[PDB]
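The structure appears right after this line, and notes come after that.
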2 protein chains.
Amino acid sequence: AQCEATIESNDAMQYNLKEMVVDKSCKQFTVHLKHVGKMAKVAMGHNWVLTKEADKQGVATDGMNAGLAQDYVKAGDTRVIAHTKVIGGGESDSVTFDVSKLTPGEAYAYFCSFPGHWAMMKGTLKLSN
Amino acid sequence: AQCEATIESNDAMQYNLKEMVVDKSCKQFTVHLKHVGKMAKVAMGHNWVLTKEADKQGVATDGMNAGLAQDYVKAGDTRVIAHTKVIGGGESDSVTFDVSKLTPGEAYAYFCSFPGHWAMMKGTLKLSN
Ligand SMILES: [Cu+2]
Ligand SMILES: [Cu+2]
């Protein structure tokens, strides 16, 4: 139907969705990230970052060096298709991006770039089929 | 009794012990850290760091800034009583420290300083008979 999806993140360092599908009828798509835990962002902040599967480790490594104030994502990172800000417990953030940045058939990776979270908080995104 | 203890770390970002007791008869205490998971040290490495409870956040912070080659511990950090190296799945490391560094009745914090791990990997250590 909709060109929107909600994904939850918690205090156990997990996302509640392992895969996300963007419908081909969509021109744009919005991701609503919710932090349903009760930990503060300095200890367990979460974001949602979308890249091609192969840019994962690099984006993460460099986001890590950008710091909390930069949402742990290097500014102007060309590898990042879209990202939310870092949020803490009881908060939410939304990000909308152009579906045309995506390529039918390709698997993209989405993950949390907060220090050390990428290993556990990761999933796959792609176009409908 | 004896002056040693074994603690396990896993791919779920947890330690298996929340408290450790050093017996008062000990002059030397040895901690054996085991990584029972299978993830690489760059993605889910673990260490064991001992500080006064107070110093947890600061040591964690500076440690993260020290980098993997420094085992995520600021070199010569004086707030650090003892620490292991950063290890990956299938490995183990041990550290032996002088009990005289601890003062009876005080609480000590032990935690993992690998980026972002300190929030879920923490325990208390105390001297007792
Ligand atoms: Cu996170
Ligand atoms: Cu760790």
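Chain lettering (A, B, ...) mirrors the order of the structure tokens, residue numbering begins at 1 for each chain separately, and ligand numbering begins at 1 in order of display.
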Original post:
What lies within 9 Å of region 23-31 of chain B using only C-alpha atoms, ignoring chain neighbours under 4 positions off, as a ChimeraX atom specification?
Top reply: /B:1-7,48,84,93-100,104,126-129
Original post:
Could you pull the residues within 12 Å of residue 85 (chain B), counting only C-alpha atoms, minus those fewer than 3 positions along the same chain, as a PyMOL selection string?
Top reply: chain B and resi 31-35+41+45-49+63+67-73+75+82+88+91-95+112-114
**OP:** Pull out every residue of chain B sitting within 6 Å of chain A, counting only C-alpha atoms, and send them as a list in words.
**Re:**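 Written out as asked, the residues are residues 43, 115, 116 and 119 of chain B.
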Subject >> Pairwise distance for CA of residue 90 (chain A) and CA of residue 16 (chain A), rounded to one decimal in Å >> reply: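 Going from CA of residue 90 (chain A) over to CA of residue 16 (chain A), I get 15.6 Å.
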**OP:** List every residue of region 13-117 of chain A that DSSP, applied to the backbone of this structure, places in strand (DSSP E or B), and write the result as a ChimeraX atom specification.
**Re:** /A:15,19-22,28-35,46,49-52,82-83,87,92-98,108-111
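Rounded to one decimal, CA of residue 81 (chain A) and CA of residue 54 (chain A) lie 12.7 Å from each other.
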Which of region 31-116 of chain B DSSP labels alpha helix (DSSP H), written as a short mmCIF file (atom, residue, chain, number, x, y, z; two decimals) with C-alpha atoms, in the first residue's frame:
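Resulting contents of part.cif:
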data_model
loop_
_atom_site.label_atom_id
_atom_site.label_comp_id
_atom_site.auth_asym_id
_atom_site.auth_seq_id
_atom_site.Cartn_x
_atom_site.Cartn_y
_atom_site.Cartn_z
CA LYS B 41 37.50 -8.81 17.24
CA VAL B 42 36.83 -5.85 14.89
CA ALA B 43 33.13 -6.50 15.10
CA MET B 44 32.57 -7.84 18.60
CA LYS B 56 33.60 3.87 34.57
CA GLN B 57 32.40 6.50 32.06
CA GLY B 58 35.65 8.41 31.68
CA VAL B 59 37.83 5.38 31.26
CA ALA B 60 35.31 3.96 28.81
CA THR B 61 35.35 7.20 26.81
CA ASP B 62 39.06 7.70 26.61
CA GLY B 63 39.46 3.95 25.94
CA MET B 64 37.16 4.09 22.94
CA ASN B 65 39.34 6.97 21.73
CA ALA B 66 42.50 4.93 22.22
#
Subject >> residue 80 (chain A) environment, 6 Å, only C-alpha atoms, sequence neighbours closer than 3 positions dropped, as a VMD selection string >> reply: chain A and resid 50 to 51 77
**OP:** For residue 109 (chain B), list every protein, DNA or RNA residue within 7 Å, evaluated using only C-alpha atoms, and leave out those in the same chain fewer than 2 positions away; present the list as a ChimeraX atom specification.
**Re:** /B:50-53,56,107,111,122-125
Original post:
At what distance in Å, to one decimal, does atom 1 (Cu, counted along the ligand's line) of ligand 1 lie from CA of residue 86 (chain A)?
Top reply: 7.8 Å
Original post:
Which one is closest to ligand 2: B:19, B:55, B:76, B:36? Count only C-alpha atoms and all ligand atoms.
Top reply: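 Of B:19, B:55, B:76, B:36, the one nearest ligand 2, counting only C-alpha atoms and all ligand atoms, is B:36.
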**OP:** Have a look at B:17, B:102, B:22, B:87 and name the one nearest to ligand 2; count only C-alpha atoms and all ligand atoms.
**Re:**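 Looking at the shortest contact to ligand 2, the residue is B:87.
Here the question is which of B:21, B:78, B:101, B:40 gets nearest to ligand 2 using only C-alpha atoms and all ligand atoms, and that residue is B:40.
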